[PDB]
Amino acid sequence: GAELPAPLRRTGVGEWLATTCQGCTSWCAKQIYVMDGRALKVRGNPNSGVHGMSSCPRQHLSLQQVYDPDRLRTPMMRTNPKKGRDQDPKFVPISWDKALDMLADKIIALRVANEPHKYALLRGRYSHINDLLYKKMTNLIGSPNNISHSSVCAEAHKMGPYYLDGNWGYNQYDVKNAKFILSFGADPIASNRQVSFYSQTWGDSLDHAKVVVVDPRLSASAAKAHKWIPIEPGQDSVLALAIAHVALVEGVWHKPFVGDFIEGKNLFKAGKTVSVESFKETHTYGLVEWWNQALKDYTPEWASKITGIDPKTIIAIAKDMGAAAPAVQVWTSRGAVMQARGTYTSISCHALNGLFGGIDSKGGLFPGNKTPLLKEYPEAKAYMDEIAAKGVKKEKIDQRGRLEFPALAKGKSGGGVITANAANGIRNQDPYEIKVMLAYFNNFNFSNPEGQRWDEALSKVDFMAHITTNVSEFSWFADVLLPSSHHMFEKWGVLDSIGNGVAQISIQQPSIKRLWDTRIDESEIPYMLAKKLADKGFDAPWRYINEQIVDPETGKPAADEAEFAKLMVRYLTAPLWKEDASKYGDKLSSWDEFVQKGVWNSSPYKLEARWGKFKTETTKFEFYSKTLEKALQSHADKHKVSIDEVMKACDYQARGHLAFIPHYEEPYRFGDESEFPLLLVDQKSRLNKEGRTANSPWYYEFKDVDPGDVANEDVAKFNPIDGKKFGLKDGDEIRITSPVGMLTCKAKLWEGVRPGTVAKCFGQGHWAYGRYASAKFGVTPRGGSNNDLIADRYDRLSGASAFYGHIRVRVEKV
């Protein structure tokens, strides 16, 4: 048609509404462009201090999630009383009132029978308003089993930062000022925790930073790095330890942070012990003990023998980092540390951030800035009855705290979740049976290693309800489906992000009229359930909500579901917009201004803030982790054994002092290498919004943005050497088999794969979720499910599931 006249043109006149993306834990602040009531575009929120308008490519896929043609539009109940991968649930639609009636009756029955602990709440993704549904509702019912997904995420990645410098959490990386970047498996222009900001800065940074990427595959980041080290899976700590060794021999640790020998002369000579009293540490603790007990023998030649890395390369890297200090940052990914002995890879790699002074330094890395965001609703102790008070003391269903499951989050025996092991406890009714389960925003049958264990566990649960947008693999086993309003377009929430020297708090708000008969997972549904429970004689959750969760301005409780959804966010963010947050960052004049800007930014990070005041046992950066010794001693004393016996029970090689210092743990491996000659290198797709874009056609259309991969396919990548060895050609249908399972996909020969490994994206292999993600919904998958290959194994010190290093596979055609 003719071009439209100016008064009738539409380009640029629509409305932008702020929200937050959750395709990864970058949790970017966004704006949604809306015209004719439809969301048409996503862009980074320009007011964001972390990332600005910069975005990774997955923001656009969000539009095929809210407008996913396989979303649920109604609650449902299954009519096949049998559950199983082979059992069609025969879901039929029901009302919200009927669905919550069914769930409510089952919860109350538990309480009447004095078995409230047989209730479980499973949390996958979430927002910072989760405290009500996740914790308070669960404890008021009377259960200790609020089970997050943290241990199938990255808890092993927190072990180093916590037991060395007191941060049970992540770091931001000061790429703009870095002079040396050493990445153990991290691929920050594709995954990790600020893809938008690190993509914004990576290429520019190459003009002032020397970048080394250690990864069994040639990642996007490695392809834009000065050196790709194609490490054998599970051998990362060998390089990290040898770098530290050379640093001491060459005398190039960062003396303003670490200290120096009292008499100036460098006494660290390879293989020879040093007097502890000859060195004066400044902000660190344990350098000489670490040297004497292990590091003195972790030579470049020792490292070269294990890894094949040229010792001259090890030496040169160590010297380059010394000269760049303190503008030195060492990244660890899940790949390096989510292994059965991976706690000590986190420790060994992160120790380099202390040795070269990068921790809390310009060009280094440090934690997120402080913000006044509230993370919990008021305490619920006064609303706990005797039934609830007794139930919450029961052992958790994931067995955390047992001798072989220390899960030492924040230094506490049994302190951490063990997500994947909850399936085993349910499976075996140990400590007890789970009879009623509520789960939201999660798909553990698909996302947990050896997820068939979740198939089995859920088939044995009397009543389960799943809060979800799509009928995913986990949903297949539900008695009741409770369809969620989509988190990014139809929900009130609040999130945070760190990077660029700041922490930001961002809003989630509805940008479209709600499409279907859905409810918001973390607010409306617990609200409606509390009402139903109160109708049936258990009004403690309802009383807690109505008396404790009231508007920060009016003091009044919510009048209805929609008001409550917004109130949940208003309550926790009131310190940002009702009070003066100037001490921490932006000053906001009102709730409306917060919503319009969509984001609150902190002030820039004060470098060296934590120097001399780490939240460790010594308050120092601990090369010899007295913090970890204390936690292990606590666990040992609890079980009337020695620490060495804990190490043995947890299948670690460390004994004596080695339990507390950076040291080499031979990587755990499962299976006969002669039968299973290839090591799996699991990776994420840079178009994965976690496990939630496999039903997006645009995902497949551009799937080859993953280096080496193939559009509209699921491929496993083999080095051409192994392709010739196993008779594989590009496009061949292949079966990959491990000791615990198998999958089918297609073969791709690619030189960016370390020989002896196979690099394959997690993310495909859905047999449910939707029509694009599956071949025949409920029956036959599209692609291959990586986690069916990955034996159920744990970094027992952290509770983390292992996804890397131990997986041996074989491959064959057809």
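Start at 1 and count along the sequence shown; that's the residue number.
Mean C-alpha B factor from the entry: is it higher for 519-527 or for 266-274?
The deposited B-factors put 266-274 ahead on the C-alpha mean.
Between 362-370 and 131-139, name whichever shows the higher mean Cα B factor according to the PDB entry.
Looking at the record's C-alpha B-factors, the answer is 131-139.
Just grab whichever of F184, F197, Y664, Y699 has the top CA B-factor as deposited.
Reading the PDB entry, the winner on C-alpha B-factor is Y664.
For the listed residues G342, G391, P188, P707, which one has the largest C-alpha B-factor as given in the deposited model?
That would be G391, according to the entry.
Rank-wise, by C-alpha B-factor, drop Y652 into the lowest, middle or highest third of its chain.
Answer is highest: the recorded C-alpha B-factor places it there.
When the modelled residues of the chain are sorted by Cα temperature factor, does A380 land in the lowest, middle or highest third?
Within its chain, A380 is a highest-third residue by C-alpha B-factor, going by the deposited values.
Per the entry's values, where does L164 land by CA temperature factor relative to the rest of its chain, in the lowest, middle or highest third?
Middle third, going by the recorded CA B-factors of the chain.
State the tercile, meaning the lowest, middle or highest third, of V814 with respect to the CA B-factors recorded for its chain.
Top third by C-alpha B-factor.
Among the chain's modelled residues, which third holds the C-alpha B-factor of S590?
For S590, whose C-alpha B-factor we compare with every modelled residue in the chain, the answer is the middle third.
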